[PDB]
Amino acid sequence: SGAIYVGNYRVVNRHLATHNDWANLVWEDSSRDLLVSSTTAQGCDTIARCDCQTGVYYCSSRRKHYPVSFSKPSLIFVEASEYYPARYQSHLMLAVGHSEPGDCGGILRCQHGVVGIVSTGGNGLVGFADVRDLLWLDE
Ligand SMILES: NC(=O)[C@H]1CCCN(C(=O)Cc2ccc(F)c(F)c2Br)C1
Ligand SMILES: [Zn+2]
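Residues numbered from 1 in each chain as written, not as in the entry; some residues may be left out. Chains lettered and ligands numbered in written order. Heavy atoms only, no water.

- In the PDB header, X-ray crystallography is given as the technique by which the entry was determined, and 1.610 Å as its resolution.

The following block contains the structure:
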């Protein structure tokens, strides 16, 4: 689990969004596994607007942060799960690192701010949903 709180927005994995997230919906995209809802309190996070390919992410299954080298946001095949049919997920960045079910929502950050959140994993890989192109989160 996990979320990004920026301005008056909360960014979460679409498959983990709550009844409250859907009742306060701003935008969602099933092909990206993202959902953004509105908040009454001002957020704690700031968003990176960069092309970094290295960063540090939080891994809840190890209660630890790990450094990673990750690919540019791209279209990647994701096998069927109880949350989605087999499909191509867009704006996804892969890296070698630990992840297991429960790790979605962990934040990836570079020196410029928040880059994205854990969205996929397995086999010694971890996938992050990029949020750097969502310029409206800042305004
Ligand atoms: N973005 C998706 O389609 C997600 C939806 C939930 C299910 N997805 C997973 O990847 C679950 C998973 C499996 C094995 C792992 F080792 C792991 F870390 C994770 Br997270 C795809
Ligand atoms: Zn950066």
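## Structural notes on the domain arrangement of the protein
So, point 1. For the protein, the domain assignment lists domain 1 (3–44) and domain 2 (45–139).
So, point 2. Computed over C-alpha atoms only, the centres of domain 1 and domain 2 are separated by 16 Å.
So, point 3. Summed over both sides, the interface of domain 1 with domain 2 buries roughly 1900 Å², with 59% coming from carbon and sulfur.
So, point 4. Per-residue buried area on domain 1 facing domain 2 is highest for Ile-4, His-15 and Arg-32; these three make up 34% of the total on that side. (Domains from an automatic or database assignment. Buried area = accessible area lost by both parts, 1.4 Å probe.)

## Structural notes on the sheet that holds strand β6 (residues 64–69)
In a beta sheet, neighbouring strands pair by backbone hydrogen bonds and run either parallel or antiparallel.
So, point 1. The 7 strands lie next to each other as β6-β5-β9-β10-β11-β8-β7, forming an open sheet whose pairing is antiparallel. Each of the sheet's edge strands pairs with one partner strand only, and the pair in question is β6 and β7 (74–78). Ignoring which end each strand starts from, the neighbouring axes of this sheet average 50° apart.
So, point 2. Relative to strand β10 (residues 113–122), strand β9 (residues 107–110) is paired through 4 bridges, and the arrangement is antiparallel. Bridge pairing in β10 places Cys-110 opposite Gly-113. (Pairing = 2+ DSSP bridges. Helix = DSSP H or I, 4+ residues; strand = E, 2+ residues; numbered from the N terminus. Axes fitted to C-alpha atoms, helices over the stretch in contact; angles between N-to-C directions.)

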